[PDB]
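Chains as they are written, first to last, in my numbering: chain X, 1 to 49; chain H, 101 to 149. Beta carbons are placed, not taken as given, at the ideal position from N, Cα and C, and that holds for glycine. Shown next, in structure tokens, is the structure this report addresses.
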Amino acid sequence: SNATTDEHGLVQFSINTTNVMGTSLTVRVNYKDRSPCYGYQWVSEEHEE
Amino acid sequence: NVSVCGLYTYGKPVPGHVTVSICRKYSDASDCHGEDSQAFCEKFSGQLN
Ligand SMILES: *[C@@H]1O[C@H](CO)[C@@H](O[C@@H]2O[C@H](CO)[C@@H](O[C@@H]3O[C@H](CO[C@H]4O[C@H](CO)[C@@H](O)[C@H](O)[C@@H]4O)[C@@H](O)[C@H](O)[C@@H]3O)[C@H](O)[C@H]2NC(C)=O)[C@H](O)[C@H]1NC(C)=O
Ligand SMILES: *[C@@H]1O[C@H](CO)[C@@H](O[C@@H]2O[C@H](CO)[C@@H](O)[C@H](O)[C@H]2NC(C)=O)[C@H](O)[C@H]1NC(C)=O
Ligand SMILES: *[C@@H]1O[C@H](CO)[C@@H](O)[C@H](O)[C@H]1NC(C)=O
């Protein structure tokens, strides 16, 4: 599920509880990866998730 | 020391406003869709005698 950053760059949300046990939650944003110039290059914009 | 001339027949030179350069660089792994892969430059100007 996508959403947009409200004032002061922020987003609150909730999710449905019906699975196994350990629940992994990651959040990606503007530029989900670094496809152009990768593997071969030596310097890049390593932005955190 | 570096020099540049211009002739054609019987060594008759021709006069002109030369604009020589000497750009130089390191490795070539930043061009994989990455601008400014070619490192810093150097340039000169003058007239031919
Ligand atoms: C972020 O997530 C959003 C939701 O997954 C994406 O927005 C789009 O939201 C609409 C509606 O929920 C999806 O459906 C389209 O609707 C239009 C028009 O239908 C409208 O009218 C009926 C009336 O009965 C109403 O019930 C509907 O809810 C609508 O308001 C149709 O013409 C389309 O064919 C389509 O069915 C979109 O599918 C959805 N987009 C996507 C890509 O899933 C939003 O795009 C997401 N953000 C990004 C950046 O992708
Ligand atoms: C080429 O560059 C050198 C300077 O780097 C000029 O000077 C000569 O330097 C050497 C040093 O071992 C001397 O033996 C020469 O005698 C110097 N030249 C003269 C004219 O005495 C050299 O002149 C430059 N040549 C040109 C054609 O510009
Ligand atoms: C969400 O949780 C509600 C709890 O009332 C449940 O009835 C519903 O089926 C769940 N839906 C999904 C898609 O998990």
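Contacts that residue i makes with chain H (C-beta to C-beta distance below 8 Å)
i: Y40(X); result: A129 and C132
Option in the options with minimal Cα separation from residue i
i: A3(X); options: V43(X), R28(X) and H47(X); result: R28(X)
i: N16(X); options: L10(X), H8(X), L25(X) and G9(X); result: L25(X)
i: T119(H); options: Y110(H), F144(H) and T109(H); result: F144(H)
i: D131(H); options: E49(X), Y40(X) and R34(X); result: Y40(X)
i: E135(H); options: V43(X), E7(X), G22(X) and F13(X); result: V43(X)
i: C123(H); options: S137(H), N149(H), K112(H) and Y108(H); result: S137(H)
Residue i - DSSP class collapsed to helix/strand/coil
i: residue 151(H); result: No answer is possible for residue 151(H): it lies beyond the span of chain H, which begins at 101 and ends at 149.
i: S121(H); result: strand
For residue i: DSSP bridge partner residues
i: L10(X); result: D6(X)
Proximity test, Cβ basis, 8 Å: residue i and chain A
i: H133(H); result: Although the question refers to chain A, the structure presented lacks it and instead comprises the protein chains X and H.
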